[PDB]
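Right, I'll just put the structure down here and ask away after.
Going in written order, the chains are labelled A, B, C, D, E, F, G, H, I, J and K, and every chain counts its residues from 1.
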């Protein structure tokens, strides 16, 4: 009789996107994860239309990219949409991590960890797709960044030899990256579905942080139109950043064809990695730079154990919220330091920025959480 | 589908990426196919339900 | 990888130049019709025992 | 360790966010490419396609394309000969190999026109800047004999001899050829070559803003419309006791 | 499941709504919100501004300073 | 109990056309 | 008061969903052409003279 | 000391906004300590902790005013790049009152402070441009 | 060891009491604490007269934040007024968790 | 916090289950010796080659 | 040529003159000796940046 409750598949969608109970007091920050869900498919079709021309050969690829930007009927829009749109993906993704950390939606442990693995996956897809376009930054960037694993006392230098499929970057290595780059996003989708599947059966977080189980509210009448509006406005951000700022988002230099011979002045890694790359400047020994590099993302896992303040969130606690903003500011620091060509003052600033970047959460946050607990019988 | 008039590199590229993505849709629909199968139960050679004997 | 140009030269790149490349391409080419050996038989038995009562 | 000189931004006509490149200075800059700009460098990514819609009718685009003729390939025997010049043909091959240019240019290959705007930081304005940057060396700085000192080059000394000069090339338009205005025609033409879709893209972009503007308030009005029920509501608590 | 039909205990709390069509979309939508916006503003600018201003200051600090270690060199390297 | 409950004002939220207590709602269903 | 032209206009196309979709379709058909050509003539009008369509005259019909 | 104003005086122009802003912060801090000093002197706070509370108040406020004034002024100089006309300070002048407006939590006093502090600063710059003597030497 | 200075502690705990926004929404301090399963079972311990009060106040605040508009200036909670009702419940939850653990360790 | 694990019954569990830990760890060690062609321990055993 | 005309017109402004004298000064600090280490040409850069900073608003005052 009941139609949505008829078909079991429909039963699943109705347990979710049709009418899962939701907190009412939700703001835009929660709209952002849905925005990630928006961006993902868009990149997928966009990359599909791009995959209708691009080649993974060392030689013939770049000419095909020029086939895209000039030959293809409105495909230039597609090209920039896939690029800049990926940029937007990382935009929203960062806000999203900030949210989950801020309102303590990391309290959903398994959901959180799937978010983490999803994050590393997105990072890899980013890097390799960035290698694909096939230009100066593509080449030397991929080479340099790949070199990092050679910091391993035995295995890693061997391992780089294994990725490259040869002595150096080549149609081997390039087709390698084209394929990994292709296979991962579809993995990201399944991890997303699994991710939401963890989310449904714990209930959603609320801006208050404190449970709103008593105030749970239907999804379809309300949040669907909300997120539609949010996606339409991100569509504004993106289309205005593409039809009016076609190029600025990235790093020109790829626009030069790659030469193993000819070598670029500065080889700044593309911007989302800049803080990460900044940490490569942080310390002597390339090995420890790789260790801290992976640790920069890994460290998130500590937080749910490191968390101890009675809030499940961070909005009624401007105290620890201040440490939070110090940490965000610190990320801005590692960012802009990573953007500049290497220099000594930048070196010392990057050092202390890194030490404090770990210590706000390994020292300040838990213990100030303790004193904050002492102040009001927590 | 040709991407133009002739049987070209563009067209092979089409069939490439299409062949290169389409099976994932296949594994998806297959998992959905099992999802239809779940509560319905299976079947027997006899054609009589083994509801008592699963 | 292929365009018009890269094509059969690259398939042969597999067939010889790639390590174990003949191994894989031979497995794959015979993996198809075998996949159908599972398939049309599964469709046949499916038409037979009336599991399409589901 | 030495700094490259930092080219100041200049107010070109297209830098207006609504502004489009005109087909004019692009045409005259194309006349700058037709002769003097065959020192090469390159434009091989772009054929005489694109040139049709900007300034040139089909038969005139072909007429423009017979001006020079790249080799036809071998046929059934009959190898290597010259096709008269359809627009489908590319711009002339700069050299049989770039290495020949390197022999022709102290081993430093002259870069393709197509990305030089897009690739270089400071972009088209920088290209207009280096053309006109040939300042004399100050005392005590070394230079290679082929080099022609210019701060805008990162190594301070570009191998290139200033192709530009006063009255470089009289235009078919008959318009005067000061090194300034002709160079502006150059980089305008480059920016054309750099972004062929640009003038067309702005129209699409402007159109989208209106669409977005209309959509942004209306859909928001529907959100207010469906959330009004929740925003409005009053609640009360009346204990049974 | 955890769907509405069976959840938390809640009692003699009551709702008063309105049909959307019977009420206009923008009830004093301007005048009501501005003091709210501004009060939220004065509330959190105190906890948001200082990281960003400190960042901007360090930005021009290192940029200008190193620039002074940069453009000014020939005098710094002496004759 | 059922007696002392009451509906607090919403007129500030109400549409102007239905703002008064005398008029037909049905008269205004079309415009609204 | 007497119903607004908008009011009776509800009782017309809006209340019935098929006719509602219909007016959405005709409305799209008009909004398309009118807005499209509006963006045309206006874009033609703003940064005037940058256009070669008006500069076709140097080389058309002799 | 006069050496301190002399420190602030060598702006130059508006280059390195921080270098200037620190000095303005210094002047604001000085005046804050003086005002706090007479205030404590003539309004016996009772319970000394309240007295340091008072001086903390005034000192921090005036220091803040000086900071924000200085940096908005130099930033305007480094942005408009006019950069020499008196209006270049006036924004900062107008800005300064708002700072004062914030601590007092009142639109009124903040509003008035905007206007008058602005005009005063503008007159100061105008004076640096014109060599107005305020305390002219006996000369005659 | 603190004693004479304690006044000032209370003089900032109140500021700290102001530092949190819950008073602006007027919620009980006990409401703020995260619900892990054990404290949830402590919630289960509550009398209905106290329970529904909590639930209602929470829903009020939840409605407010949806509007973002703050609870009215008059109603804002005093530091004294906020009964810390959950204390026996949670402290027994601690005593019992640490109990069964205290046996579990031997 | 973490003191709860620090008990004689749990240290007992440590003493009881440790040999087994050595067992499985040695098993996976040998698996590393084999599957990865870890010749360094393949070299420890003469029978190889 | 109107190009360079405007260049020197920019050089009318005291910024280009003070940069000009400073240019001559460092250039003679190098000219002072054959052994001189200094890259006075950097000061030529410093001259040119303010110079074309003035050219920046005037170069297209030259347009036909």
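Odds and ends about this structure:
Throughout what follows, a contact is a pair of C-beta atoms (placed from the backbone, for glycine too) under 8 Å apart; a residue touches a chain by one contact, two chains touch by 3 or more.
Path length between chain D and chain H in the chain contact graph, taken as the least number of steps between touching chains: 2. Contact with both chain E and chain F is made by D.
Distance from chain G peaks, on a Cα-centroid basis, for J. Here the spacing of chain A and chain D, counted between their Cα centres, is 33 Å.
Chain F and chain I have centres, each the mean of its CA atoms, that are 40 Å apart. Look at where the CA atoms of chain C average out and do the same for chain F: the two points lie 70 Å apart. Distance between chain E and chain K, defined via averaged C-alpha coordinates, is recorded as 46 Å. Counting partners per residue, chain G has no residue that reaches two or more other chains. Counting partner chains per residue, chain C shows two or more touched chains at residues 2-3, 5. Within chain E, contacts with two or more other chains are made by residues 8, 10, 12-14, 16, 18, 23, 71.
Touching chain K in their complex are the following residues of chain E: 71, 73-74, 77-79. For chain I in complex with chain D, the residues that touch the partner chain are 49, 52-53, 56, 59-60, 63, 66-67.
Considering their complex, residues 1-3, 23, 26-28, 30-31, 36, 38-45, 48-49, 52-53, 55-57, 59-60, 62-64 of chain K touch chain D.
Residues 1-3, 5-6 of chain C touch chain A in their complex.
Looking at the complex, you find that chain I touches chain A at residues 13, 16-17, 19-22, 29, 31-35, 55, 58-59, 61-63, 65-66, 84.
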